[PDB]
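Quick heads-up: it's one chain on its own, the form deposited in one PDB entry, in structure tokens.
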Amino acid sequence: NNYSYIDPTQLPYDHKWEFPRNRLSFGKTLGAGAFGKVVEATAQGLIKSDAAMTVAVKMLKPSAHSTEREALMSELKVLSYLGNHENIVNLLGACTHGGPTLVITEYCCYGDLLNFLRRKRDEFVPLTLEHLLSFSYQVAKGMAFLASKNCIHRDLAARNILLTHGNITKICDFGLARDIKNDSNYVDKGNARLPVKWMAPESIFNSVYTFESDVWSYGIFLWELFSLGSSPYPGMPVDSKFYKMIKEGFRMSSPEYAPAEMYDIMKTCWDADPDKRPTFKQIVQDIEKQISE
């Protein structure tokens, strides 16, 4: 009782982040949910006093219920605790009065990697394989950073990797990210729609989320990447047969453009035994070896 894990969501909001909402000009909607939406916006004087910059702004709709309002604040506090990293969509500011809560993050000008791969699919040549290895490395580095902070993301997928200048990929959407603190896992108590084809079996069957279940989803991400944006498990709807096959050990085959060593990572990320999956640290070092060779 004299020592405890500091819950980042119990910490005070740090007003160092506060930014006046009247200096934001909202534009295109980038995504929407039951919480509200994310929009592109211009922020006047956010980093430099006399300069405008493009940001993304996540906003609660005025009708948001208590469940969604405190979820957005919790997300803000998790991002504040995680700190800056090159391979995540970083927190830049927040607006916590004058209207609904707003969370201001970096804007990634090339949008999500799933649509990017689908746009570039027709003109891909072995967009090149070098780009795909880079994206695989950068996402592993982002996730290794999250795991090093005792956090899990719980919706890792190509649709939640964004691309910005310099071919830099950033992990986005931390609405479900959790510090697992003392429990070493997270049992989800919600009742929302779930990304079934990206989930580890123990998450589907027992609602348990761990470092190892994030690694399962990374394996699925890799399959999306090297198939140039195909939907996973083609020709298999989510139904009784899907769950039985996954439980019995069915796995996707190697994508057309995956190097053998990258499919090897995929297969280990999809081990039925969570303990036999690699860590993100191990994945980074493996892909590092592949790049240098």
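Each form is matched to the other, and the largest set of C-alpha atoms that superpose within 1.5 Å is called the rigid core. Quick note: we count residues from 1 along the sequence shown, nothing fancier.
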query: Coordinates lacking for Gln290, a third or more of other entries; finding: no
query: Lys244: gap in at least one third of other compared structures; finding: no
query: Missing from the model but present in the deposited sequence, between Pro126 and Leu127; finding: 10 or more
query: Of 110 to 118 and 208 to 216, the stretch whose C-alpha atoms average the higher B-factor in the entry; finding: 110 to 118
query: Stretch exceeding the other in mean C-alpha B-factor - 242 to 250, 259 to 267; finding: 259 to 267
query: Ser134, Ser80, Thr105, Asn87, ranked by C-alpha B-factor: the highest one; finding: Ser134
query: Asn185, C-alpha B-factor rank within chain (lowest, middle or highest third); finding: highest
query: Third assignment of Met236 from its chain's C-alpha B-factors; finding: middle
query: CA B-factor ranking of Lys170, expressed as a third of its chain; finding: middle
query: CA B-factor ranking of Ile47, expressed as a third of its chain; finding: highest
query: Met73 - which third its CA temperature factor falls in, relative to the rest of the chain; finding: middle
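The same protein also exists as the form deposited in another entry; that form is not shown, yet it is the one meant from here on.
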| property | result |
| --- | --- |
| Core-superposed comparison between this form and the one not shown: the option from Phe145, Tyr186, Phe116, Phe135 whose CA moves 2 angstroms or more | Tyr186 |
| Exceeds or equals 2 Å, Cα of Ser231 between this form and the one not shown, core fit | no |
| Yes/no, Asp7 Cα shift of 2 Å or more between this form and the one not shown with rigid core fixed | yes |
| Residue shift check between this form and the one not shown, rigid core fit, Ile204 Cα at least 2 Å | no |
| Cα-Cα trend for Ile88 and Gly190, given that in the other entry the distance shifts by 3 Å or more | farther |
| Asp275 and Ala177, C-alpha gap in the other entry relative to this structure (3 Å or more) | farther |
